[PDB]
Structures are given as C-alpha cells and as structure tokens.
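The structure under discussion appears below in the form of structure tokens.
Counting neighbours? That spans all protein chains shown, and the Cβs are built from the backbone with ideal geometry, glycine included. Rule-based calculations on the coordinates, nothing more; no lab input.
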Amino acid sequence: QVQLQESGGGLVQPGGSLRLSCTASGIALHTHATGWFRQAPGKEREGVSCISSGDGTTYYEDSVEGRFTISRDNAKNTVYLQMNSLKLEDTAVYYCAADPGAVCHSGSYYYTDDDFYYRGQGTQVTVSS
Amino acid sequence: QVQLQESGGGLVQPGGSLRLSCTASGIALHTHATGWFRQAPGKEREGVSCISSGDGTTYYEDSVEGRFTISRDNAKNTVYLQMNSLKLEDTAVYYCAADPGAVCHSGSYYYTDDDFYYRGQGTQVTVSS
Amino acid sequence: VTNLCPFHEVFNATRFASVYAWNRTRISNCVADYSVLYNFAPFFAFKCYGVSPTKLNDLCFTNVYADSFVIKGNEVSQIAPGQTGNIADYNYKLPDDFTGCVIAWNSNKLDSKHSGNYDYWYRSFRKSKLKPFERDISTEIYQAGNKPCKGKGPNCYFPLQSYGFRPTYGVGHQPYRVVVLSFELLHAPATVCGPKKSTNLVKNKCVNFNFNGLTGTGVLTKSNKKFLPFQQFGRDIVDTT
Amino acid sequence: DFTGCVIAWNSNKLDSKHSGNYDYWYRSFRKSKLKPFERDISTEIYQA
Amino acid sequence: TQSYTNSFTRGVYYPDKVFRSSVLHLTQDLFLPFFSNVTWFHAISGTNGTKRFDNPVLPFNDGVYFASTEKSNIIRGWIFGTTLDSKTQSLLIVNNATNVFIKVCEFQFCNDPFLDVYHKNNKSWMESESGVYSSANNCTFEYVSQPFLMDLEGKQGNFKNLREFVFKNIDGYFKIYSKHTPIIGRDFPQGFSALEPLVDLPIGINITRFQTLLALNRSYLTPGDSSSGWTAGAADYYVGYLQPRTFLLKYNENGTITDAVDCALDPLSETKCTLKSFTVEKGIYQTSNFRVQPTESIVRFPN
C-alpha cells in the first residue's frame, strides 16, 4: 500500500559529500519514526541513524559519530541524510524504513536490525578513486 | 512532626516516563494545598505545580505545560505526578511541600518562590544515561 | 426485581478493536454489583471522577455505560474533560460533566507480542473536532495541501496509524487497558432503579409501615378484602388509608 | 433562639505576618456535633 | 365520510390506584362527556392504486378515545407526534400478531402505506408487506411487550367484538387505557362498562398530531358516502375527544365501577351530584348560582 522511494547516490570520491533523500507517499512524517539502514557486500545489515516521532530527536551508531547528520522536512514529507567526510569502507546500499510510534530507544529496546513495517528499494552509494 | 517523604526517581532516558509520589506522614491531604518544587544543580529552586485544598484545581508553569500532570488520592493520603515526554534539562532534585488552605493562585497571590510551611527530603531525577 | 447482570464477561474481550469502532454496553434492570472494585473493571487507578461516587448509589442508576479501550502510555491522564491534543480531541472527547470511573491496566503481558501487534489503529488528521461520544469509521484521504487529493501521493496523508508494541518497549509507549464505567444521566431520565432495601414484615403488632412510599403507623391484619389486579391501595369514606 | 449581636472587623495587621501567624488553631475533626455554647479542648488522635 | 354520532355512556375509567367499595365519589378529570358527538372516519379505496386519503390528521387535544368493531385485525398501530418529520421523534404503538413494539424514533419520510390493486377474497393472506420507514436517526426506548389487541374469536354471526381505548399525555407521561368486550349489532351498545387500563410509559415528548394505521392493501365490508357533515355511515372506527369534566362514580362492594353521572349535563345531574346519590327524593333542591357574564369590556381614559 505505502511505498518509500530513495534518491541520490552516484560516484563520490574520498573527502566528498552527498545527500540522500527518502520520500514517503502515503504515510505522514513527524508522526512516524524513520531510520536509515545500510548493507555492505559480504556482510550483514546494520543501522545508520534514526529519528523519533516526537520532534527531531536524533540517534546514531558508533561508527557514524560526527560525520552523518539527519534532518526531516515536513513540507515535502522527505527525510534527508547528509553524508560528510566519506571514507573508502562506506561503500554500501542504503535503505530507509519507517515504523510508527517513537520506536527508536523506547526503554530497553534499541533499533537493532530490521523489524520496521515500511520498506524501500534502496540506492547504491559507491566510493573509490 | 509532619514529614513529607518522596518516592521515585532514578535513571531514565529521553522520551521516557517516571512516577513521583509524596505521602504525608503527618497532616492529611484534601485539607492542605500541596505543591512540588525542583532544583537544577547550580540553580535556584522553582516550583512546577500545585493542587488546591478543595476539589481538583490544577496549575502548571509555562515551560512544563501539557507534558506533566498532577493527581492525588485521599485514601492512600498521597499526591501523584506522571512525568511524560522527558527531555534533557529537567535533571533536578524534586521536593514536595504543603501549606494550609488554598494558597496557590489565591486572589492576587500566586505560588511565587518558597512560601510553604512544610518541607520534604527530596529525591533525585536524572535523564540521558 | 430478581435479576443479576454478569458484569465480569462484559469487560474482558478476546481481541480489543481500534479507536474507530469500539463496543458500548448499556446495563439496566439488575442488582448494582459495584463491589467488583479492585478485582475487575474498577481496580489499580480507582479514578472515579464522578461527583460523589458513594452518593451516586442514592441517585438510583438508570443506565450504565461500560467501555473498554486500549491506549498508549504517554496519554493515560488525557482521559479527562478540558484537555487538548490530536490523540485526545480527534479520537475521543469527554463532556465537562463526566460522572464515572475510568481505570487503566498496565497491559504489558497480553497486549504485546514478540512479532509486534498492529491491531490498534488511530487517527491524527481530521477535518475538525468532533462532538463528544461520537465515532467515525469511514477511511478517506484528507486534503492537507493545495494539491487535490484524488490520488495517492504527497500532501495527501492517510489518517490510519497502527501502533506497535512488544514487551521490550519501555514504559510510556506500552499499551494500557483503559476501562470506563460511566453512570451519567442524559436529562436525568429517572426510569429504572435498583437500590431498594426491604425490612421483614411484622403482623398483629403496632408498628410503623412504609409501602411504596406510603408511610403510616398501625396494626397490619390479614382480612377478606379482595382487590381487582389493577388496584394496589385501599381507601374508604373521608379518604383515610 | 439567639438574642444578641454579632460584631466583626478585618484584622490583617496584628494577626498576620509574612511567614504566617500560626497561633490560631481551627479544629476540623470531632466525634459528634457540639451542644449549643460548648467547647472541647482535649487533644486526642482522630482516626478516619 | 365524517358522520357524527352521539356517545351514550362510553369513556368512564379508573382515575387512580385506590380500592373503594360501596361509595359515591366525585372526580375532576379528563373524561369523555355524556351524549357528545364523535366522528366516524371511513376507509373505502381498496382496489385503487392511489392513496386512499382515509387516514387524516387529527389535532389530539387533551386525550383521545378510540373504539372499533372488527372481527379481523385490519386496525394495527397508531402514530403520534407533532411534525412527523426528521426534526422531532414520533411514537408508534404498532402491533404484530403476538407482540408490540413501541418505538420513539425520528423518521424523515412518511410517504404512504402499501396499497394493493387486487381483491382480498381472492388472496386472503398478508405476508410481509408493511414498510413505512427507511431511515432511523438517533433514538432510544424500543419497548417490547404483550399484544394490546387480544384476538378474541367471533363466530356464529352477530357476535363481533368491541375494542375501547383512550390515550392520554400528562406531564411527559403516556397512558393507554383499554378493554375488549363482546357486543351485538348495535354500533354504540347502550350500556355501561368499567373500562380498565393496560399500560403506562415515560415519554417526555409533547404530542400535537396523531394518525392511524390500517392494512390498507385491501378492505371489505366497508360502505361509505360522498356526503359530509351531519349524515350517517358505517366505518367501525370511533373517535371522541376528552374534556376536563367532573363525574360522580359508583363503586360496587365487589370492587368495580357500576355507574357514573355527569354534573354538567342536566339539572337533575347537578342535584344528584350535590346530594352524593343516584336516587333523588321529591322536593326542591338548591344546586348552584347563576350570574350574567359581561358581553364586552370598555376602557375610557381622559383627554
């Protein structure tokens, strides 16, 4: 019923910047909680960032600290992930997923792996020289 | 003779919830207008709410309006607070106090500074573990 | 009136519904079993906001409305008159003279599953605030922008939002089973009753008596007076009972 | 059946201070209603 | 089809709950007065597909007396209400075969009842052709009980039953008083019957207009005429209008009402109301006072 579409990607070089956008058609943001998950080849999927339903409370992972900013715009109903200072090991495919309620960090529950309801197709971000 | 002990507090997380309870060891409720005060570290003590002696007349402050609520039960002889939507700078030592008669917003006299006659020991509340 | 209403089966359901279509049960012509305090539908919170709940037994009950909802833990105290909010005004409003008992379980073992529960659906967008004690079921896409909402796209938002619970979620986002026993009167429709204590009869002695509101003093004796089945009272010349 | 007069006037200036004048005690618990023109003084605990 | 007939001794009721025996009691209450005119409304348009116009609108002021002489059950139900629209609720006293549903509900449209074209003697069966409404608004008090019209069988000819009924609205409170008595070929049998109540209801809605319900598909043994006014006809539906009169009622030692007199019909009725008796001895009796009412009133103020 509800689809999620991602945009961005391309051929970024180490030291460059890029911006992904995830647009929801049916469901409403700033009442839903969305997050970003990535998958490298030969590995298992791991989250990147999350923002809850209430206001713009951001959450982040250990290897994501200080380089990756998350922002939500309720005018175009599109969440933005801004990539700064990308390193060579950051080549993966990124998925945006939404889960109603303030799902990320609600007591004794982190946003570990994938149990989100709404999914997307994903966009490939590669980085190399 | 009349002591006002507090139960609750501890370690919580932003966006969470916690419960405060002040049971009067001495004089009962529904005859004294009770209130609640908090102390940020390095900062002065400022009240958060009252409930009147008669009925359930309820007051809050500007920065805490809507998020926090107060209720009381006379059979257990206590007053209850439900903390909702906890944020970063609420970390304070919460006190419960009382004064005989309706004193919070009584004519041209609000519950300004510290005018209650009874005092409590207090519990600590911290967030963002 | 010798009838008993089993309250206990009414309150628990096999599966609680969503906000859109709950179940309202009306109770009358039964013995007022409100000693089900503390172990059924009134319990832990014991938040009887009714004006003098003990004196409501005197104002003899004409209709009882029993309801059972499930709401998130952030807005347990939102079930009170005069409060605002999108989950309050656009789901269920209460009138300013609500008289009843509204009590909330910490339903963490039965309303939460390891795979997640999606059977509770709410609204956050509506045309306007509704009248209290009214429900909407119809699912239509609201127009929240300049674009006409004739197709499934941006600026056209579905109103259905299904909450999600597991035992691993923290307090505040956990589901709470809120059950309402409301004993109000529409325009005081004094129609049916219940509380009516009766002493044992005593004959052939000078006693005080009260029969159906008629009070008096005297000696009550069995006799060969016969009444046609309509007539209840008896009277003679000079209009004495 | 009271034959007499009642006289009252405001005293905010000798019976009130900033910390609160607590020399006036108003008893609110009693076993039964008083007889006319009668006082009880005794201090015993009232359990509800 | 509006012929008028006088009602002899019909419409005397039990005003209250109390038991009396061998007394003569004066009651000031809403009664049907002795020897008053009542309206016969007919129903003859059985084969025609158009509406019969045989159920008019009557202005229901201070209680209504109703009577019927029909072996069959064509008469089933009554509509009460001020406007009979979606603005206000309306009351129904509809009767099925063995039960009564009384519903106080809002109804948007009351078009027409169902109308057949064919003959009742050809097809003497009525199977699920009673649909009056389509929409039900916000409404309560859907009371269900035993049938008012007990189907007392009438056989052997000249034994047709009489259904007497009065409807009364006092301070938001609706009272149905009724009794079923077997009679003879007299339209209004000269005689007396202590006429019992059945039911009492709390409604709370004022009533201005009312209307009657028939199985208006097919009707037989119904004669009528085009003349209106002081004429004669055969309708078997009797409607009288109550008035606040004072009556002297005779209670039997067995416990029932056996006779009643007016106190405003005749001068000797006034004598036997003042003497508290039914037998008046020979003599002269002073009953009341006369005085001449003013024809009109004048007002005269100076220049």
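At a glance:
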| quantity | calculated |
| --- | --- |
| Net charge contributed by nearby residues that have their C-beta within less than 9 Å of E:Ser68 (K/R +1, D/E -1) | -2 |
| Test item: Cα-centred dipole of segment A:1-91, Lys/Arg +1 and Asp/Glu -1 on Cβ, debye | 240 debye |
| DSSP bridge orientation in the protein assembly as shown - percent antiparallel, rounded to nearest 5 | 95 percent |
| P(r) histogram, all alpha-carbon pairs of segment C:1-137 included - 10 Å bins from 0, percent | 9, 38, 37, 14, 2 |
| Where trypsin sites (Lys or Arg not before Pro) fall in DSSP loop in segment C:170-233, at most 13 other Cβ within 10 Å | C:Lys196, C:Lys197, C:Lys203, C:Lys205, C:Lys222, C:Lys225, C:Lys226 |
| Around E:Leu149: net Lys/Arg minus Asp/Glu count, Cβ-Cβ under 15 Å | -1 |
| DSSP-loop trypsin sites (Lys or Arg not before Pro) across segment E:209-303, with at most 10 other Cβ within 10 angstrom | E:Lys282, E:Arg291, E:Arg300 |
| Calculated Rg and Dmax of segment E:115-251 using C-alpha coordinates, Å | 18.7, 52 |
| Mean separation of Cα contacts under 8 Å, 6 or more apart, over the residue count of chain E: relative contact order % | 30 percent |
| Per-residue [θ]222 nm for chain E (sum of -39500 (n - 2.57) over DSSP H runs n ≥ 4, rounded to 500) | -500 deg cm²/dmol |
| Given charges at Cβ of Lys, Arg, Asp, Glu: segment C:70-191 dipole, positive-most of C:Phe133, C:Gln143, C:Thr99 | C:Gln143 |
| Per-copy distances of the B:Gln1 label point, shortest first, in nm (7 angstrom along Cα→Cβ) | 6.5 |
| Exposed trypsin sites (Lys or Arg not before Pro) absent - longest run of chain B, DSSP non-H/G/I/E/B, at most 12 other C-beta within 10 Å | B:77-129 |
| Low-density loop positions, GluC sites (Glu not before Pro), segment B:55-129 - DSSP coil, at most 11 other Cβ in 10 Å | B:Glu65 |
| 10 Å Cβ neighbours from other chains, averaged over peptide C:156-163 | 4 |
| Segment C:114-241 - percent relative contact order, Cα under 8 Å, separation 6 or more | 18 percent |
| Relative contact order of chain A, defined on C-alpha pairs under 8 angstrom at six or more residues apart (%) | 36 percent |
| Residue-count net charge about C:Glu140 - beta-carbon cut-off 14 Å; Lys, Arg +1, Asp, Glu -1 | +4 |
| Rg/Rg_ref, chain B, where Rg_ref = 2.2 N^0.38 Å and atoms are Cα | 1.00 |
| Space enclosed by the convex hull of the alpha-carbon atoms of chain C, per residue, Å³ | 209 Å³ |
| Inter-centroid distance (Cα atoms) of segment B:1-56 relative to segment A:22-92, Å | 40 Å |
| Between segment C:1-50 and segment E:239-303, the alpha-carbon center distance in angstrom | 59 Å |
| Separation of the C:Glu134 and B:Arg119 label points, Cα + 7 Å toward Cβ, nm | 5.4 nm |
| Peptide C:226-237 - average C-beta neighbours from other chains (10 Å radius) | 5 |
| Shielding of E:17-23 by partner chains, average beta-carbon count, 10 Å | 6 |
| Debye, to nearest 20: dipole size of chain E, +1 on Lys, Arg Cβ, -1 on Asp, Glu Cβ | 260 debye |
| 5 angstrom amide H check on A:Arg72, placed H, neighbours 5+ away | A:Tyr80 |
| Selection from C:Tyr122, C:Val202, C:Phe230, by position along the positive dipole direction of chain C (Cβ) | C:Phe230 |
| Label-point separation, E:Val199 to C:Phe44 (7 Å along Cα→Cβ), nm | 4.7 nm |
| Beta carbon of chain B nearest to the axis of the rotation taking B to A, residue and angstrom distance | B:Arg67, 1 |
| Prolate/oblate/rounded label for the protein assembly as shown (Cα gyration tensor, a/c 1.5) | oblate |
| Residue among A:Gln3, A:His32, A:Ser52 farthest towards the positive dipole end of segment A:1-70, charges placed on Cβ | A:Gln3 |
| At 7 Å out from Cα toward Cβ: A:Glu46 inter-copy label distances (nm, ascending) | 4.3 |
| Cβ charges +1 (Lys, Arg) and -1 (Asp, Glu), total dipole of segment E:156-303, debye | 140 debye |
